[PDB]
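Following: one structure in structure tokens, then a few remarks.
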Amino acid sequence: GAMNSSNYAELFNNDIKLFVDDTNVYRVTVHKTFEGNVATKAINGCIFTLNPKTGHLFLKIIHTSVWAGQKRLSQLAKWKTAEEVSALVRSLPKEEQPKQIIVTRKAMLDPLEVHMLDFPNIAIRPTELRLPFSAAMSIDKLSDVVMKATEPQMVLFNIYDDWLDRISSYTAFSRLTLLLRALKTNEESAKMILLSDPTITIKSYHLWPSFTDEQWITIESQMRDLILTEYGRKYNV
Amino acid sequence: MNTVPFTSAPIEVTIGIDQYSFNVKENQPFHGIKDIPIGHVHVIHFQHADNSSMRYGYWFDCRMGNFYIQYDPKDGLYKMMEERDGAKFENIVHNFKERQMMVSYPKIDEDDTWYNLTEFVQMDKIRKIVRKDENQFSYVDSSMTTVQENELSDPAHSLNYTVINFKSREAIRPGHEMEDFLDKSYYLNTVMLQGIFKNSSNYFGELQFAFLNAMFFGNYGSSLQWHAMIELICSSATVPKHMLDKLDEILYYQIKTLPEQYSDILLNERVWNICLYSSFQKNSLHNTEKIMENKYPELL
Ligand SMILES: OCc1ccc(OC(F)F)cc1
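Protein sequence lines correspond, in order, to chains A and B.
The numbers in the working numbering rise by one with no breaks, and the one at position 227 of the first sequence is 216.
If you want the working numbering, it's the position in the second sequence, counting the first as 1, plus 85.
In structure tokens, the structure reads:
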């Protein structure tokens, strides 16, 4: 069934599962034509496929050439996502294939279900959670590899850096969703928080800065403040 | 013209014959139905006055034998039976017709409704959907479930309709996932018409039979099957032109004949709104769309 507040700890049990977010697959800039009409120009996108227990991220880069001469792209984007996720599963060894795939948007249910007909035992699930994975392109290293790609490409990351050496998956996922929720509501402020102290660096093999445990508590506090305010600065409270 | 005689009528019951029906009182001297038009299948059906639960009935074709009804007080229903002895049966029917103990199949000569609802329905195909080879006629009731319903429990009493499932490997060509799910022509024309049904006549016959079992018995699995078979055609961008014109006529007479007060359960909103207004064939069902709009615009 659907994933929500009440069955949240299932994410961190020992059944392999992936989140699939398609919000950054088909990306456009909308502009004006010489005649004064409006046209879109596509830029590179990505499928955000995440193991919430391990932090393994399968970032399938979607090159703009995919869209050449295609119609109804926003519809095609959902089917292209499902084709690539199915290809990813088929590429994994059987003991690594997920038992569940949770789509962050319900319009991915039928496209993924049809592409996974070969996998009757893999459950395709929606979610009632409003997860902030659209903000993944606010992580500089992920944005950089997507924009520089010249062809279709899969890039593997651990979105938790080394956090699982010190914290649980539940705690790591909560930190991740707090960081992304902050980048989503006010990117500039979120990014200022993460970089204010020049002495804390991002390791070459990491996505996020190398905070001590005490510094993460301060950072996480600052991100909460931001999210509440922007919710005040929005609804005035 | 043929005749289906009744030994007796021991319990109060509403008897239908095709789209007609009449009330028979307990132990009323009712001995059958005469002037039944030859050349069509027919359905005789029953709703007891005391247990509106269980509508049930018999599909038959008077060319295939001499059939009659007798109340079984053990099993508690009107049963159809076949009479081997041809002059014993002609004796029975004549003696009855002389005592004028039979109702007349009340067809208006202008009226082609039954023909139009049963145009492609053949007994041979019915007998394959309702499996019971020791009888020339076929029993159906409100509660029987379909093969596909059983999959998702007594197979002897199943309706073995052709299984249609839009998110199935039979329906979706590997590599054409999006193409086949959004345009079902492959599944319609190659898988179902060419492969399973062989021709559109046998497809239309199963469609018509499912509708009639939904209407006369309130059979839910049959209603599901009727809607599925409509949706497969309307969701195909490529349908033979003769099929589309004929589908319009078929659906027209089904909606025309449906009880105005049963449209809440026997009609599926999603299927009809997609078929008349969103699908490839939104413009190829003028007669059906016209009568649906003037008679069920709430649904839409
Ligand atoms: O005893 C077998 C038999 C009984 C009655 C018949 O007519 C019935 F329709 F009224 C025909 C055959």
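We treat Cβ as the ideally placed atom computed from N, Cα and C, and that holds for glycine.
Under 8 Å between C-beta atoms of residue i and residue j
i, j, result
"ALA(-9)/A", "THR116/A", "yes"
"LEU153/A", "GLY44/A", "yes"
"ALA94/B", "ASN112/B", "yes"
"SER123/A", "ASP4/A", "no"
"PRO198/A", "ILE206/A", "no"
"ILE340/B", "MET314/B", "no"
"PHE47/A", "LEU145/A", "yes"
"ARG164/A", "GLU209/A", "yes"
"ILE128/A", "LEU196/A", "yes"
"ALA(-2)/A", "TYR159/A", "yes"
"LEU184/A", "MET212/A", "no"
"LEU329/B", "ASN358/B", "no"
"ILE118/B", "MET187/B", "yes"
"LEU297/B", "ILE335/B", "no"
"residue 262/A", "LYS49/A", "Absent from the structure is residue 262/A, since the part of chain A shown begins at -10 and ends at 226."
"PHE145/B", "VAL98/B", "no"
"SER178/A", "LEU217/A", "no"
"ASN(-7)/A", "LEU118/A", "yes"
"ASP265/B", "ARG258/B", "yes"
"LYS21/A", "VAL27/A", "yes"
"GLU345/B", "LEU361/B", "no"
Alpha carbon of residue i to alpha carbon of residue j, nearest angstrom
i, j, result
"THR92/B", "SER106/B", "19 Å"
"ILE32/A", "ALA125/A", "15 Å"
"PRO87/A", "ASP133/A", "28 Å"
"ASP120/B", "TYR190/B", "5 Å"
"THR139/A", "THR18/A", "18 Å"
"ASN353/B", "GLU262/B", "26 Å"
"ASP157/B", "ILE113/A", "52 Å"
"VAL92/A", "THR342/B", "44 Å"
"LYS69/A", "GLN59/A", "12 Å"
"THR88/B", "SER308/B", "30 Å"
"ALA96/A", "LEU65/A", "12 Å"
"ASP196/B", "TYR338/B", "12 Å"
"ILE214/B", "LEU81/A", "44 Å"
"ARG212/B", "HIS127/B", "13 Å"
"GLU84/A", "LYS6/A", "12 Å"
"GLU24/A", "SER54/A", "25 Å"
"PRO141/A", "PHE294/B", "52 Å"
"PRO41/A", "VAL226/A", "34 Å"
"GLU175/B", "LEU106/A", "59 Å"
"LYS110/B", "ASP333/B", "40 Å"
"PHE181/B", "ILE96/B", "20 Å"
"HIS133/B", "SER228/B", "15 Å"
"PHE282/B", "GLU316/B", "16 Å"
"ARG184/B", "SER348/B", "41 Å"
"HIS52/A", "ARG94/A", "22 Å"
"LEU172/A", "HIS312/B", "48 Å"
"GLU176/A", "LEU351/B", "53 Å"
"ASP150/A", "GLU203/A", "17 Å"
Integer Cβ distance of residue i from residue j, believed to fall under 8 Å
i, j, result
"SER320/B", "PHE365/B", "7 Å"
"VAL178/B", "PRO90/B", "5 Å"
"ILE129/B", "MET86/B", "Actually they do not touch by this definition, with Cβ atoms about 16 Å apart."
"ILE148/A", "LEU39/A", "6 Å"
"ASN250/B", "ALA256/B", "6 Å"
Check: residue i C-beta below 7 Å from any heavy atom of ligand 3
i, result
"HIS371/B", "Ligands present in the displayed structure are limited to ligand 1, and ligand 3 is not among them."
Any chance the segment 140 to 158 of chain B sits against the segment 292 to 307 of chain B, with 3 or more Cβ pairs inside 8 Å?
yes
Mind the definition here: the segment 222 to 236 of chain B touches the segment 246 to 263 of chain B only if three or more C-beta pairs lie below 8 Å; say whether that holds.
Enough Cβ pairs lie closer than 8 Å, so yes.
Decide yes or no for the touch test of the segment 161 to 168 of chain B against the segment 145 to 152 of chain B: beta carbon pairs closer than 8 Å, at least 3 of them.
yes
Could you say if the segment 91 to 104 of chain A and the segment 66 to 82 of chain A meet the contact criterion of at least three C-beta pairs nearer than 8 Å?
Taking a cut-off of 8 Å on C-beta distances, the segment 91 to 104 of chain A touches the segment 66 to 82 of chain A, as three or more cross pairs fall below it.
Indicate whether the contact test is met: 3 or more Cβ pairs, each with one atom in the segment 198 to 212 of chain B and one in the segment 274 to 290 of chain B, closer than 8 Å.
yes
Within the structure, which residues are defined as neighbours of ligand 1 by a Cβ-heavy atom distance below 5 Å, reported in chain order?
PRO90/B, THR92/B, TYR153/B, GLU168/B and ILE177/B
Contact between the segment 188 to 201 of chain B and the segment 267 to 282 of chain B is defined here as three or more beta-carbon pairs at a separation below 8 Å; is this criterion met?
no
State whether the segment 315 to 332 of chain B contacts the segment 355 to 369 of chain B, with contact taken as three or more CB pairs (one from each stretch) at a distance under 8 Å.
Output reads yes: the segment 355 to 369 of chain B touches the segment 315 to 332 of chain B.
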